[PDB]
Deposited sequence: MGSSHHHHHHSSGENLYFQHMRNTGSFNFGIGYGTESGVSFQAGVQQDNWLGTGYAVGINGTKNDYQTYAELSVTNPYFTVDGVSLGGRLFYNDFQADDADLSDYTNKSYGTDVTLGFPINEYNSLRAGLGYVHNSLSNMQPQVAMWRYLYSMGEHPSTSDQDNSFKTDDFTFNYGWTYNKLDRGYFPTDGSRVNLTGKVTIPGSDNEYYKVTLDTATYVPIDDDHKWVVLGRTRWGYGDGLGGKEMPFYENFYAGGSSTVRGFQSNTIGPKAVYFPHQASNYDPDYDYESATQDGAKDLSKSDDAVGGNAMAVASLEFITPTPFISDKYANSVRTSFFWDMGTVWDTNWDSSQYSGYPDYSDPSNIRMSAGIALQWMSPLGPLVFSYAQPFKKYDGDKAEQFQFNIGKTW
């Protein structure tokens, strides 16, 4: 077994902490047991892990999870709400070959929403569920119990985990609600990274990233807004404040409407990045294996497919997917004594109404 403690920092996350403990073999059962928790400016998460890598003789794994999660949306630069949740996951893992693995699982989650600041898109989802709270009060509550079928696919042919120079990584994760759940929806996420070395020593690499998200309701319901996709920040569209890209809250009057610059995410998302990895100027060859310079072009959009631009014609059409943000800049990664580090400086050359800018972004990791 082992335990660990992490400390880190990010521009969007603030000072972050992590700790965990794992019993390598829980009293002869062969199921590894673990307890992990992490915390940053807007999220507190904890779990109990219970996994066995050889549930069957030929590799199939059996995984259990029991989790608690506290999410402060205002501190993740969204319109304000509080989501406290807990649940369990049972996941089977099937390695198809050397570069592919599949996973299927059944999950239960309880979400307890509170402290929701009235806005059109959020309330629209509440209306689809049959919930009609006051539009002038921030002292509300919404609770749901959901059962989900979760599938996943990971392709990994990366030459190296730290600082890849060749190969691709693809991760597709989906879920759908099982009838009987309070929510009725599906949700799909696709992430890709492709490294192409353009020189023999693999110091000059071209990197293409894509990230896609789509989900909608079933049966006249919508997707819960706390399941929304976002874009902007250090890992999606650099130079943009975290989560700023996409629809903005259209606030209900307190006790007619008000446009805002508070992003609310959305149920469709698309991000793409083109990055040129180079050797690092002004650093010795002794410290090459531990640093990575790159120059990038980032873009992304987020939209709300159920935005009703008829009822709200005086506002921007938030269902519009074509308002594509763009940025360009230089990044620096360093495997520092304080852990994996990442500087980035980016100029958002293409931005839209209410998009907030974060030119300098900085991250020290706490997991590696």
How would you list, in order, the spans of the deposited sequence that the model does not cover?
-> 1 to 24, 280 to 298
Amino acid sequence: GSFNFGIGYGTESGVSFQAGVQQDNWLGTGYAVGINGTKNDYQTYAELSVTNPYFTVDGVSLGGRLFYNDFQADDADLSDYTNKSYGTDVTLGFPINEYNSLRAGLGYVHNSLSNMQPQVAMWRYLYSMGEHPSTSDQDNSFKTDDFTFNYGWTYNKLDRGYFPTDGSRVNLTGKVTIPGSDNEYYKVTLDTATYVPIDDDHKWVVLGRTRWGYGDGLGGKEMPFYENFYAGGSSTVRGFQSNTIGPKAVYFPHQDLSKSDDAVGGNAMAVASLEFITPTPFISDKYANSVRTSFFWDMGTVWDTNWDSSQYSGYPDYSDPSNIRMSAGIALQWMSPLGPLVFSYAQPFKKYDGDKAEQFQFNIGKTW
From here on, numbers count along this sequence of modelled residues.
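Superpose the two forms; the largest set of C-alphas matching within 1.5 Å is the rigid core.
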Between 7 to 15 and 21 to 29, which has the larger RMS C-alpha deviation from this form in 7 other deposited structures of this protein after core superposition?
-> 21 to 29
Please work out whether 283 to 291 or 108 to 116 has the higher root mean square C-alpha deviation in 7 other deposited structures of this protein relative to the shown form, with the rigid core as fitting region?
-> 283 to 291
Output the stretch having the higher mean C-alpha B factor in the entry; the candidates are 346 to 354 and 21 to 29.
-> 21 to 29
Comparing mean C-alpha B factor in the record for 111 to 119 and 279 to 287, the higher one is 279 to 287
When the CA B-factors of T301, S319, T44, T51 are compared as recorded in the entry, which is the largest?
-> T51
Would you mind checking which of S310, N69, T305, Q333 has the top Cα temperature factor in the PDB entry?
-> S310
Of the three thirds of the chain ranked by Cα temperature factor, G161 occupies the highest
Chain third (lowest, middle, highest) by recorded CA B-factor, residue given as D262 | middle
Third of chain Cα B-factors occupied by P247 | lowest
Quick one: classify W368 as lowest, middle or highest third of the chain based on its Cα B-factor.
-> highest
Sorting the chain's CA B-factors, does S2 end up in the lowest, middle or highest third?
-> highest
